Amino acid sequence: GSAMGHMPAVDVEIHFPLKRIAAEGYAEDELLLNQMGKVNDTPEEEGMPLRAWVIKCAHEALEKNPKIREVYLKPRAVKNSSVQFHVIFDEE
Numbered sequence: 021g022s023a024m025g026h027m028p029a030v031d032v033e034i035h036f037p038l039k040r041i042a043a044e045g046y047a048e049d050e051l052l053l054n055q056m057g058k059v060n061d062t063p064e065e066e067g068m069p070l071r072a073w074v075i076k077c078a079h080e081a082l083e084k085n086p087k088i089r090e091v092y093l094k095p096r097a098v099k100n101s102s103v104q105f106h107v108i109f110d111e112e
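Quick note on numbering: this note's numbering labels position 90 of the sequence shown as 110, and the sequence is numbered without any gaps.
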């Protein structure tokens with residue numbers, strides 16, 4: 021509306037190379053690391069640990085239903101409330 025104060029709802033969209041996130045040795049994919057490293061220093065929730073859980077959750081989420089495109093993740097620190105990680109799977 022006509023009240024541009026502050027929007028407390030933070031959506032952070034991460035991108036995972038579909039091929040590497042669906043593989044073992046994913047941490048060797050420079051993109052996966054640099055993308056999660058891009059959202060790691062000030063991601064509102066934790067940081068490096070969040071990368072670990074996000075990558076794990078997205079890894080399993082993709083593998084258990086490997087016909088998707090993207091998922092929306094809710095921080096394990098659910099108390100953080102108005103924050104979401106939108107994990108998108110890029111075909112590289």
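Cβ atoms here follow ideal geometry from the backbone N, Cα and C, with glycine treated the same way.
query, result
"Can you find the residues in the same chain that come closer than 8 Å, C-beta to C-beta, to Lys39, ignoring five residues on each side of it along the sequence?", "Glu111 and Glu112"
"Note the first and the last residue of the continuous alpha helix (DSSP H) segment covering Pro86.", "Premise fails: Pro86 is in no alpha helix (DSSP H) and is neither H nor E."
"Is the beta carbon of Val107 closer than 8 Å to that of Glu90?", "yes"
"May I ask which residues mark the beginning and end of the alpha helix (DSSP H) holding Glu50?", "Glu50 to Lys58"
"Nearest to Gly45 by alpha carbon, out of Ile75, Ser101, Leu70 and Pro63?", "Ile75"
"Check whether the region 85-101 touches the region 46-58, taking contact to mean three or more Cβ pairs, one atom from each stretch, closer than 8 Å.", "no"
"Suppose you measure from the CA of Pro95 to the CA of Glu80; what does that come to, to the nearest Å?", "16 Å"
"Please determine, among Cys77, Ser101, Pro28 and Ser22, the residue with the shortest C-alpha to C-alpha distance to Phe36.", "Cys77"
"What do you reckon, are the CB atoms on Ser102 and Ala42 nearer than 8 Å?", "no"
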